[PDB]
Amino acid sequence: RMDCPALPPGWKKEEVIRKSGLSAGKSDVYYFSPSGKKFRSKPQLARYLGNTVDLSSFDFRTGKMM
Amino acid sequence: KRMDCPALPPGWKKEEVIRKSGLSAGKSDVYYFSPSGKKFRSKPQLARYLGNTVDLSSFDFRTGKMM
DNA sequence: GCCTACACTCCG
DNA sequence: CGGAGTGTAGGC
């Protein structure tokens, strides 16, 4: 859970390696709000942040604007 | 629908799926299934699997017909 | 400009 | 972690 400096304050990001199976070696990226709720996708996070914030160019995987 | 593909060996089936949203909403993707149910998504993948048991040179992946 | 082919997301 | 469903680079 590394702080995510691109987002508003309190946010963290984590990456977790897949350990077996066909996709072994790939990873999943998670975000955690201030509240601490977990986010697993761009649409999910963009819904939660709402018309509050525009993440069109937000790269979910890297946590940077692209 | 999984349709028999008569030009492939017995039991092989083809299914066409319409994309429901995004950049290519309305376009389709074509998939093949082996007799056991293994899914294939391209001509070179299907040709690699079958090897010399079929000649796919003239096989139109999209329509499932020899030309 | 359109298509194949395959990588990747997203959510179960 | 799987895999249907979509993104898209590169060939043509």
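Definitions and limits used
Residues numbered from 1 in each chain as written, not as in the entry; some residues may be left out. Chains lettered and ligands numbered in written order. Heavy atoms only, no water. Residues with missing side-chain atoms left out of burial classes, pairs and counts. Helix = DSSP H or I, 4+ residues; strand = E, 2+ residues; numbered from the N terminus. Contact = heavy atoms within 4.5 Å. Polar contact = N/O pair within 3.5 Å; in protein donor to acceptor, adjacent residues only side chain to side chain. Pairing = 2+ DSSP bridges. Salt bridge = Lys/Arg side-chain N within 4 Å of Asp/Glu carboxyl O.

- If you check the header, you'll see the entry was determined by X-ray crystallography and the resolution is listed as 1.8400 Å.

- Looking at the PDB entry, one finds chain B named Methyl-CpG-binding domain protein 2, with Homo sapiens as its source organism.
- As recorded in the PDB, this entry has the title "MBD2 in complex with a partially methylated DNA".

- Going by the PDB entry, chain A carries the name Methyl-CpG-binding domain protein 2 and comes from Homo sapiens.

Topic: the overall build of chain B
- Within chain B, the secondary structure is distributed over one helix and six strands.
- Each helix and strand of chain B, ordered N terminal to C terminal, gives the series β-β-β-β-α-β-β.
- In terms of principal-axis extent, the alpha carbons of chain B reach across some 40 × 25 × 20 Å.

Digging into the overall build of chain A
- Looking only at helices and strands, one finds one helix and six strands in chain A.
- In terms of principal-axis extent, the alpha carbons of chain A reach across some 40 × 20 × 20 Å.
- Once local pairs closer than 6 in sequence are excluded, the contacts in chain A between residues at least 24 apart make up 26%.

What to know about helix 1 (residues 42-49) of chain A
- The N-cap residue of helix 1 of chain A is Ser41 of chain A: its side-chain oxygen and the backbone nitrogen of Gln44 of chain A are 3.2 Å apart.
- The first or second residue beyond helix 1 of chain A is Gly50 of chain A, which carries a positive phi of 75 degrees.

Some words on the sheet that holds strand 3 (residues 27-32) of chain A
Residues and elements named next belong to chain A.
- Pairing is antiparallel across the open sheet formed by four strands, whose spatial order is 1-2-3-4. The two strands at the open ends of the sheet, each matched to only one other strand, are strand 1 (2-3) and strand 4 (38-39).
- As paired strands, strand 3 and strand 4 are joined by two bridges and run antiparallel to one another. Residue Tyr31 lies in a different strand from strand 4, and its bridge partner there is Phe39.

Overview of the pattern of salt bridges
- Across the salt bridge formed by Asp28 of chain A and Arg18 of chain A, the nearest N and O atoms sit 2.8 Å from each other. You can see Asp28 of chain A sitting in strand 3 and its partner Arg18 of chain A sitting in the loop between strand 2 (12-17) and strand 3, a full ten residues away along the chain.
- Residue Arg19 of chain B is joined to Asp29 of chain B by a salt bridge in which the shortest nitrogen-to-oxygen separation is 2.7 Å. Of the two residues, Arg19 of chain B sits in the loop between strand 2 (13-18) and strand 3 (28-33) while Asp29 of chain B sits in strand 3, which places them ten residues apart along the sequence.

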